[PDB]
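Engineer: Residue numbers (full-length UniProt numbering), protein chains in the order written: chain A, 550 to 601, 627 to 687; chain B, 275 to 601, 627 to 769; chain C, 688 to 769. Ideal Cβ positions, reconstructed from N, Cα and C, are used throughout, including at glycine.
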Amino acid sequence: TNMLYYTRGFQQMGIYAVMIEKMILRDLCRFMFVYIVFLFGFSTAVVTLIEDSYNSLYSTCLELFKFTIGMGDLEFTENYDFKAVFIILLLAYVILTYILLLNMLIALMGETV
Amino acid sequence: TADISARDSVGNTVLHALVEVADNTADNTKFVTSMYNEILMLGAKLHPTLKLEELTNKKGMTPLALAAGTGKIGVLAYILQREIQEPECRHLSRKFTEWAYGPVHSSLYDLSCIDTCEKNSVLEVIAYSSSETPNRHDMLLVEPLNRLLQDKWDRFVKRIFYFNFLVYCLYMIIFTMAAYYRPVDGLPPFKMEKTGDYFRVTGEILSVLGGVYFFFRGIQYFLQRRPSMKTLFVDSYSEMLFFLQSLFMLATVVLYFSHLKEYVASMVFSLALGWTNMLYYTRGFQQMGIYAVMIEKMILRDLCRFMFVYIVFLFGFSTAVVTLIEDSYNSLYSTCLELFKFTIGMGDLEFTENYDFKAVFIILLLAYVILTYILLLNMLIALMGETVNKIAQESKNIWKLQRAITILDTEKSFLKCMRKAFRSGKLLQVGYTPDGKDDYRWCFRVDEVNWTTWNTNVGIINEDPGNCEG
Amino acid sequence: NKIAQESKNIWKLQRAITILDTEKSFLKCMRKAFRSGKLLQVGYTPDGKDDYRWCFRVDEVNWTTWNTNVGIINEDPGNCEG
Ligand SMILES: CCCCCCCCCCCCCCCCCC(=O)OC[C@H](COP(=O)(O)O[C@@H]1[C@H](O)[C@H](O)[C@@H](O)[C@H](O)[C@H]1O)OC(=O)CCCCCCCCCCCCCCCCC
Ligand SMILES: CCCCCCCC/C=C/CCCCCCCC(=O)O[C@@H](COC(=O)CCCCCCCCCCCCCCC)COP(=O)([O-])OCC[N+](C)(C)C
Ligand SMILES: CCCCCCCC/C=C/CCCCCCCC(=O)O[C@@H](COC(=O)CCCCCCCCCCCCCCC)COP(=O)([O-])OCC[N+](C)(C)C
Ligand SMILES: CCCCCCCC/C=C\CCCCCCCC(=O)O[C@@H](COC(=O)CCCCCCCCCCCCCCC)COP(=O)([O-])OCC[N+](C)(C)C
Ligand SMILES: CCCCCCCC/C=C\CCCCCCCC(=O)O[C@@H](COC(=O)CCCCCCCCCCCCCCC)COP(=O)([O-])OCC[N+](C)(C)C
Ligand SMILES: CCCCCCCC/C=C\CCCCCCCC(=O)O[C@@H](COC(=O)CCCCCCCCCCCCCCC)COP(=O)([O-])OCC[N+](C)(C)C
Ligand SMILES: CCCCCCCC/C=C\CCCCCCCC(=O)O[C@@H](COC(=O)CCCCCCCCCCCCCCC)COP(=O)([O-])OCC[N+](C)(C)C
Ligand SMILES: CCCCCCCC/C=C\CCCCCCCC(=O)O[C@@H](COC(=O)CCCCCCCCCCCCCCC)COP(=O)([O-])OCC[N+](C)(C)C
Ligand SMILES: CCCCCCCC/C=C\CCCCCCCC(=O)O[C@@H](COC(=O)CCCCCCCCCCCCCCC)COP(=O)([O-])OCC[N+](C)(C)C
Ligand SMILES: CCCCCCCC/C=C\CCCCCCCC(=O)O[C@@H](COC(=O)CCCCCCCCCCCCCCC)COP(=O)([O-])OCC[N+](C)(C)C
Ligand SMILES: CCCCCCCC/C=C\CCCCCCCC(=O)O[C@@H](COC(=O)CCCCCCCCCCCCCCC)COP(=O)([O-])OCC[N+](C)(C)C
Ligand SMILES: CCCCCCCC/C=C\CCCCCCCC(=O)O[C@@H](COC(=O)CCCCCCCCCCCCCCC)COP(=O)([O-])OCC[N+](C)(C)C
Ligand code: NA
Ligand code: NA
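Quick look at the structure:
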C-alpha cells in the first residue's frame, strides 16, 4: 500500500494518488463513520431479534457488511421470531446503505473530483 | 397631515406595508431598503421620540420580524446592516463602528431583537419558521447572524450539545446492551434472578425514562412550536424520529407488561431509529452535518423518486414471474424477495426451474435486470451526482439552520440551569439618543478589515476618543 | 447534466398531449374542452364594433416600469374587474 508513495514521481499516477488521499479523508471518513452508525445500529437490532449461529454481534455486523460488498443473504437466519421485523429491518439497512449511501458516496466522489 | 404611524385594520404600519410588498428581487430590494431610510429620517425629523420599527400589527410582528418571517432577506439585510451616517438620524443606525485604526475597524452590530425580545426574535422567526418562507435557509448568511450563532456555538452551545450527544450515545449503549441481553426464555415480565439481571432492568428503567423523555420533548415541540398539518411531515424530520423512537419504546413497555413477545418488534425498531438518529448530532459538525443534509435530500429527492419507480417494476415483474411459476417460489414474497436480490448483487438467474416457459422467464428477468440493476440503480448514482452539484451550498445553509435551531432550543432549555441565553453581546454605548441620553445597545463586535477604503471617512466612529476599547 | 431542463420541457409536452387527448375524449361526457378563458371585451374593431376575444388572464408585476405608460389599458375606467 506504501508503493503508492512512489506515484509522486509520475504526474498522472501521482495526482491519482492525491485523489486517493482526499477521498479517504473527505469521503470515506464521512461515509464509513455514518455507515458504522447504521451497521451497528441495525446489527444490534437484528441480534436483539435473533434467539438461539447468528446470535452474535460479530456474525451480524459481518453478515450485514456483506450487503455492502454485494453478498447479502436476506435469509441468513431463520432463527428470528418476527419476520416482518427482520425484513423491515434489513431492507431499511439495504436501502439506507447499499442503494442510498454507497451510491451517495459515488456522488460525493464525483463532486470531490 | 398624514400620521406616519399607519395602523390599519390588519395593524400594518408603513414599514410593515413595505415589508409585505417586497419580493426579494434586485429592483425591489434596491427600492424598499432605501425607502426605510427616508421614512426613518422623516420619522426622526418630523416626529421624534417614536422609533418607528418597534411598532407592531394585529398579529404582533415588527417589520424586522415581518421580514424575518415572510422571507425577506434583502430587506432584513438592510434593517440589520443599517448604517445611517448623519446626526439626528444616527440612533437608528444598526451597524455602528466602535473604532477604525487603519483598514481594520470593529463594526458594532446591535442585537436588539435578533435574540431575546419579548416576542418574535429574528433568529426564532427564521429558525422557528414554517416551511415555505422563501429564502429561509439563506437568511442566516446575513451578518451578524452567521457570526452570532457561531459565537453562541463556540461559547455556550458546543459544550451542552456534545454533552447531549454523549448522554444519547450512552442512552443507546445502555438501551442496546439492555436489549442484546434480553431474556429469550419465557414470556414477560421477567425477574431479577441473577446479579446481572439487576443491572439489566436498570438499563431497562433508564431506557424507558428516556423514552418518555423524547416523548414529552416531542410533545412540547408541538406545544411550543405549533406546526401545521403540512409542517408535521415536512421541515421537522427530527422531532418526529426521536418522538417516533419513543412510540416504539413505550409500546415496548406496553407489550412487556401486556404479556406478549411483541415488545421485541418495537424494542428493535427503537434501536434502528435510535442509532440512525445519531445522525441528528452531526449538526454540530460542519463536514458531517452537511453530509447528513446530503443524506436527507437524497432520501427525499432521489430514493423517493427511485424506490417508487423501483417497486413498480419489482412488483411488476414479480407478479409476472410468480404468474409463470407453477407448483417453493410460487409466492409473491419469495419472488419479490428474490428479484430484490438483483439490486444487492445476489440475483440467481435460475432461482426456479419450476417454470413452464424459459424464454418467457429469462426475457422477463433480464428485462428486470437491465431496467433495474444496470439502468435504474446507475441512473440513481447519476441523479445523486446532479443533486450533489445542486445542493452544495444549499446544504450548508440548511446545516447552519439545523445548528441554529439547536442553538435556540438550547437557550430555552437552560433558562434556569446555568443562566439565561447569556445575551451574546456586550451592552455598550453607541452614541446618544435624540432626546439627549445614552443609548446602551446590546451589540455584537465584528472586527473587519478593508484594504480599499483607504480614506476612512470617520462618520460614526464612536470611541475615536479611544482607539480599540482600552 | 445535459437533460435537466430539456427533460422538463419534454415533460410539459407529455402533460400537454395528455391535456388535449383529455379534451377530445370528453367532448360530450361533461362539456367541450371548457374553452379555458373568459370571453372579454378588449377594445373595438376598426369597423367600429366590439371585439369579445376569448382571453386568458396573467397577473404580472414589474418593479422597474415605474412610469406605467398607459397605452392599451382597457378597463382603466374600472380598476381590477369589479
Ligand atoms: C408505525 C410507524 C410507521 C412509520 C411512519 C411514521 C412517520 C415517520 C417519521 C417521520 C419522518 C419520516 C422521515 C423519512 C426519512 C427522511 C429523514 C430525513 O430526511 O431526516 C432529516 C433530518 C433533518 O433534521 P431536522 O428535521 O431537524 O432538520 C430540518 C430539515 O433539515 C429541513 O429540511 C430544514 O428546514 C431544517 O434543517 C430542519 O427543519 O435528520 C434527522 O432527523 C436526524 C437523522 C435521522 C435519520 C436520517 C436517515 C433516515 C432513516 C429513516 C429510517 C429509520 C431507521 C430504520 C428504522 C427501521 C424500521 C423501524
Ligand atoms: C475504523 C475503526 C474500526 C470500526 C469498526 C466498526 C464496526 C462496528 C463497531 C465496532 C466497535 C464497537 C463494537 C461493540 C463493542 C464490543 C462488544 C460487543 O460486540 O458485544 C457486547 C454486547 O453488547 C453489545 O453488543 C452492545 C453494547 C455496545 C457498547 C459499545 C459501544 C460501541 C460504540 C461503537 C459502535 C458504533 C457506533 C457508531 C460509531 C461512530 C459484548 O461483547 P460480545 O462478545 O459481542 O457479547 C457476547 C456476550 N455473551 C456471550 C454473554 C452473550
Ligand atoms: C415503502 C413502503 C413499503 C413498500 C414495499 C414494496 C414491496 C412490493 C409491494 C408491496 C405492497 C403490495 C403487495 C401486495 C399485497 C399483498 C397481497 C399479495 O402479496 O398477494 C395476493 C395475491 O395477489 C397478488 O399478489 C396481486 C394483487 C395485488 C393487489 C394489491 C395492490 C398492491 C399495490 C402496490 C404494488 C406495487 C405497485 C407500485 C406502487 C407504487 C394475496 O396474498 P398472498 O398471501 O401473497 O397470496 C397467497 C394466496 N394463496 C395462498 C391462496 C395462493
Ligand atoms: C522507473 C521505475 C523502475 C521500477 C522497476 C519495477 C517495475 C516497474 C514498476 C512500475 C512501473 C513504472 C514505469 C515507469 C516508466 C513509465 C513511463 C513514465 O515515465 O511514466 C508514464 C507511466 O507511468 C508509470 O508507469 C508510473 C507507474 C508507477 C507508479 C508507482 C505506484 C505503485 C508501484 C508498484 C510497483 C510494483 C513493483 C514490484 C515489481 C518489481 C506516465 O508519464 P509521467 O512520468 O507521469 O509523465 C511525466 C512525469 N513528470 C512530470 C514527473 C516528469
Ligand atoms: C422512513 C421513516 C422511518 C419509519 C420508522 C418506522 C417504520 C416501521 C414500520 C412499521 C411498524 C410495524 C411493522 C412490524 C409489525 C410487528 C410484528 C407483527 O406483529 O407482525 C405480524 C405480521 O405482519 C406482517 O407480516 C405484515 C407487516 C405489515 C407492515 C409492512 C410494511 C411496514 C414498513 C413500511 C415502511 C414505510 C416507511 C416510510 C416511507 C413510506 C404478526 O407477527 P409475525 O410473527 O411477523 O407474523 C408472521 C409473519 N410472517 C407471515 C411474515 C412470517
Ligand atoms: C428511508 C428509510 C428506508 C426505508 C425503511 C422502510 C423499508 C421497509 C421495507 C419493506 C416493507 C414491506 C415488506 C414487509 C416485510 C414482509 C413481512 C411479511 O408480511 O412477510 C410475508 C409477505 O407476505 C406478502 O403477501 C408479501 C407481498 C408483497 C411482497 C413482499 C415484499 C418484497 C420485499 C422486497 C421489497 C423491496 C423494495 C423495498 C421498498 C420497501 C411473508 O409471509 P410468509 O410467512 O413467508 O408466507 C409465504 C407465502 N406468502 C408470501 C404468499 C404469504
Ligand atoms: C460498553 C462500552 C462502551 C462505553 C460505554 C460504557 C457503558 C456502560 C457499561 C457497562 C454497564 C453494565 C455493567 C454491569 C453488568 C456487568 C455484569 C453482567 O451482567 O455481565 C453480563 C452482561 O451484562 C448483562 O447481562 C447486564 C445487561 C446490560 C447492562 C446495561 C446497562 C445498565 C445500566 C447501568 C449502566 C450505567 C449507567 C448509570 C450510571 C450512573 C455477562 O453476560 P452473561 O452473564 O454471559 O449473559 C447475560 C446474562 N443473562 C444470561 C442472565 C441474561
Ligand atoms: C438516569 C440517572 C442518571 C444516570 C445516567 C448515566 C449516564 C448514561 C446516559 C444516559 C442515561 C440517562 C437517562 C436517559 C435520558 C435520555 C437521553 C436524553 O435525555 O438525551 C438528551 C440529552 O440532554 C439532556 O438534557 C439529558 C438530561 C441529563 C442526563 C443526566 C445524566 C448524564 C450522566 C453522564 C454524563 C457524563 C459526562 C462525562 C463528560 C466527559 C438529548 O438532548 P436534547 O437536548 O433532548 O436533544 C435531542 C432531542 N431532539 C432531537 C428532539 C431535539
Ligand atoms: C402520535 C400521537 C401520540 C400517540 C399516543 C401517545 C402515546 C404513544 C406511545 C405509546 C402508547 C402505545 C402506542 C402503540 C400501541 C401499543 C401496542 C399495542 O397496542 O399492541 C397491541 C397488539 O399489537 C400487536 O399485535 C403488534 C405489536 C407490535 C407492533 C410493532 C410496531 C410498534 C408501533 C408503535 C407505534 C407507532 C405509531 C406511529 C405513529 C404515526 C396490544 O393490544 P391487544 O388488544 O392486546 O392486541 C393483542 C394482539 N395479539 C395478541 C395478536 C398480539
Ligand atoms: C465531542 C463528542 C463526544 C462524544 C463521545 C463519544 C464517542 C465519540 C463520538 C463521535 C466522534 C465525535 C468527535 C468530535 C471531535 C472531533 C473534532 C471536531 O471537532 O470535529 C471534526 C471531526 O468531526 C467529528 O469527528 C464528528 C463526528 C460525529 C458525528 C455524529 C454522528 C454519529 C455519531 C455516532 C457516535 C457513536 C457513539 C457510541 C460510542 C460512544 C470536524 O471538524 P468540525 O467540528 O466539523 O469543524 C468545526 C465545526 N463548527 C463549524 C461547528 C465549529
Ligand atoms: C423494449 C420494448 C418493450 C418490448 C416488450 C415485448 C418484448 C417481448 C419479446 C418477445 C415475445 C416472445 C418471446 C417469448 C416466446 C413465447 C414462448 C415460446 O413459445 O417459447 C418457445 C421457445 O422460444 C425460444 O426459446 C426462443 C425465444 C425467441 C425470442 C428471444 C428474444 C426476445 C426478446 C427481444 C427483446 C428486444 C426488445 C426491444 C429492444 C431491441 C417455445 O416454448 P418454450 O417452452 O419456451 O420452448 C423451450 C424453450 N427453451 C429451449 C428455452 C427451454
Ligand atoms: C428496455 C427494456 C429492457 C430490455 C427488455 C428485453 C430484454 C430481453 C432479454 C433477453 C433476450 C435474449 C435471450 C432469450 C432468452 C433465452 C430463451 C432461449 O431460447 O433459451 C435457450 C437459448 O438457446 C440459445 O441458443 C441461446 C443463444 C444466445 C445466448 C442466450 C442469451 C444470453 C442471456 C444473457 C443476455 C444478456 C444481454 C441482454 C440483452 C437482451 C436455452 O435452451 P436450453 O433448453 O437451455 O438448451 C440448452 C442448450 N442450448 C442453449 C445450446 C440450446
Ligand atoms: Na454486487
Ligand atoms: Na454481488
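Jot down the residue ranges of each uninterrupted beta strand (DSSP E) in the region 690-765 of chain B, minimum 3 residues, whole runs only, in chain order.
Structural biologist: 725-727, 740-748
Engineer: Is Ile-573 (chain B) closer than 8 Å to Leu-553 (chain B) when the C-beta atoms are compared?
Structural biologist: no
Engineer: Give the interface partners of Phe-639 (chain A) over in chain B, defined as CB-CB distance under 7 Å, in chain order.
Structural biologist: Within 7 Å Cβ-Cβ: nothing; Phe-639 (chain A) doesn't reach chain B, min ~12 Å.
Engineer: Measuring CA to CA, which of B:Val-567, B:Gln-560, B:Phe-660, B:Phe-559 is closest to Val-596 (chain B)?
Structural biologist: B:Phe-660
Engineer: When you compare each of B:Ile-690, B:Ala-703, B:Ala-681, B:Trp-753 to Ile-690 (chain C) by their alpha carbons, which one comes out closest?
Structural biologist: B:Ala-681
Engineer: Counting only beta-carbon atoms, is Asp-389 (chain B) nearer than 8 Å to chain C?
Structural biologist: no
Engineer: Can we count residue 605 (chain B) as close to ligand 8, meaning its CB is less than 7 Å from some heavy atom?
Structural biologist: Since chain B is numbered 601 and then 627, with no step between, residue 605 (chain B) has no place in the structure shown.
Engineer: Distance check for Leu-340 (chain B) and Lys-333 (chain B), CA to CA, integer angstroms please.
Structural biologist: 10 Å
Engineer: Relative to ligand 4, is the shortest distance from any of its heavy atoms to the C-beta of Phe-582 (chain A) smaller than 7 Å?
Structural biologist: no
Engineer: Give a yes or no on whether the C-beta atoms belonging to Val-745 (chain B) and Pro-418 (chain B) are separated by under 8 Å.
Structural biologist: yes
Engineer: Starting from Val-378 (chain B), follow the beta strand (DSSP E) in both directions and report where the run begins and ends.
Structural biologist: 378-384
Engineer: Taking the straight line between their C-alpha atoms, what separation do you get for residue 612 (chain B) and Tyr-375 (chain B)?
Structural biologist: Structure remark: chain B lacks residues between 601 and 627, so residue 612 (chain B) is without coordinates.
Engineer: Rounded to whole angstroms, how far is the Cβ of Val-293 (chain B) from the Cβ of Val-378 (chain B), which I believe are closer than 8 Å?
Structural biologist: That belief does not hold up - the Cβ atoms of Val-293 (chain B) and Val-378 (chain B) are roughly 34 Å apart, past 8 Å.
Engineer: Give the single residue among B:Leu-382, B:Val-748, B:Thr-634, B:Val-757 whose Cα lies nearest to the Cα of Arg-356 (chain B).
Structural biologist: Of the candidates B:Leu-382, B:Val-748, B:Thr-634, B:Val-757, the one whose C-alpha sits nearest the C-alpha of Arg-356 (chain B) is B:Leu-382.
Engineer: Among B:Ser-723, B:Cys-716, B:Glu-685, whose alpha-carbon lies nearest the alpha-carbon of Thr-686 (chain A)?
Structural biologist: B:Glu-685
Engineer: By how many angstroms is the C-alpha of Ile-643 (chain B) removed from the C-alpha of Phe-490 (chain B)?
Structural biologist: Between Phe-490 (chain B) and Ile-643 (chain B), the C-alpha separation is close to 39 Å.
Engineer: For ligand 6, is there a heavy atom less than 7 Å away from the beta-carbon of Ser-380 (chain B)?
Structural biologist: no
Engineer: Counting only Cβ-Cβ distances shorter than 7 Å, please list the residues of the UniProt repeat "ANK 6" (336-359) of chain B near chain C, keeping chain order.
Structural biologist: Residues passing the 7 Å Cβ filter: none.
Engineer: Consider the C-beta atom of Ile-585 (chain A) and the heavy atoms of ligand 2; say whether any pair is separated by less than 7 Å.
Structural biologist: yes
Engineer: Confirm the yes/no value for this check: CB of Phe-656 (chain B), any heavy atom of ligand 11, distance under 7 Å.
Structural biologist: yes
Engineer: Assess contact between the region 535-542 of chain B and the region 669-677 of chain B, defined as three or more Cβ pairs (one per stretch) separated by less than 8 Å. Is contact present?
Structural biologist: no
Engineer: So, for residue 606 (chain B): in the same chain, excluding its five sequence neighbours on each side, which residues have a beta-carbon less than 6 Å away from its beta-carbon?
Structural biologist: Placed between 601 and 627 in the numbering, residue 606 (chain B) has no coordinates, as chain B goes from one to the other without interruption by modelled residues.
Engineer: Using three-state DSSP, classify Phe-641 (chain A) as helix, strand or coil.
Structural biologist: coil
Engineer: Determine the extent of the beta strand (DSSP E) in which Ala-374 (chain B) is found, giving its start and end residues.
Structural biologist: For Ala-374 (chain B), the enclosing beta strand (DSSP E) begins and ends at 369-374.
Engineer: For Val-508 (chain B), which of helix, strand or coil comes out of DSSP?
Structural biologist: coil
Engineer: For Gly-684 (chain B), go through chain F and note every residue whose CB falls closer than 8 Å to its CB, in chain order.
Structural biologist: The structure shown contains no chain F; its protein chains are A, B and C.
Engineer: Please indicate yes or no: does the CB of residue 771 (chain B) lie closer than 7 Å to some heavy atom of ligand 7?
Structural biologist: Nothing can be reported for residue 771 (chain B): it is not among the residues displayed for chain B, which extend from 275 to 769.
Engineer: Does chain B have any CB closer than 8 Å to the CB of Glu-600 (chain A)?
Structural biologist: yes
Engineer: Just verifying my parser: in three-state terms, what is the DSSP assignment at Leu-415 (chain B)?
Structural biologist: coil
Engineer: Going by C-alpha distance, which of B:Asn-298, B:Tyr-310, B:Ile-358, B:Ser-712 is nearest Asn-749 (chain C)?
Structural biologist: B:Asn-298
Engineer: Taking C-beta pairs closer than 8 Å, name the residues in chain B that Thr-751 (chain C) reaches, listed in chain order.
Structural biologist: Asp-301
Engineer: May I ask you to check if the CB of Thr-593 (chain B) is nearer than 7 Å to at least one heavy atom of ligand 3?
Structural biologist: yes
Engineer: Does DSSP put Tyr-654 (chain B) in a helix, in a strand, or in coil?
Structural biologist: Reduced to three states, the DSSP call for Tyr-654 (chain B) is coil.
Engineer: How close, in whole Å, do the beta carbons of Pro-337 (chain B) and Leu-289 (chain B) come, if the pair is a contact with beta carbons under 8 Å?
Structural biologist: 4 Å
Engineer: Please name the residue, chosen from B:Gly-285, B:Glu-513, B:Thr-275, B:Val-538, that lies closest to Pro-463 (chain B) on a Cα-to-Cα basis.
Structural biologist: Measuring C-alpha to C-alpha distances from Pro-463 (chain B) to each of B:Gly-285, B:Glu-513, B:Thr-275, B:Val-538 identifies B:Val-538 as the nearest.
Engineer: Nearest to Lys-426 (chain B) by alpha carbon, out of B:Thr-705, B:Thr-732, B:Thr-330?
Structural biologist: B:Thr-705
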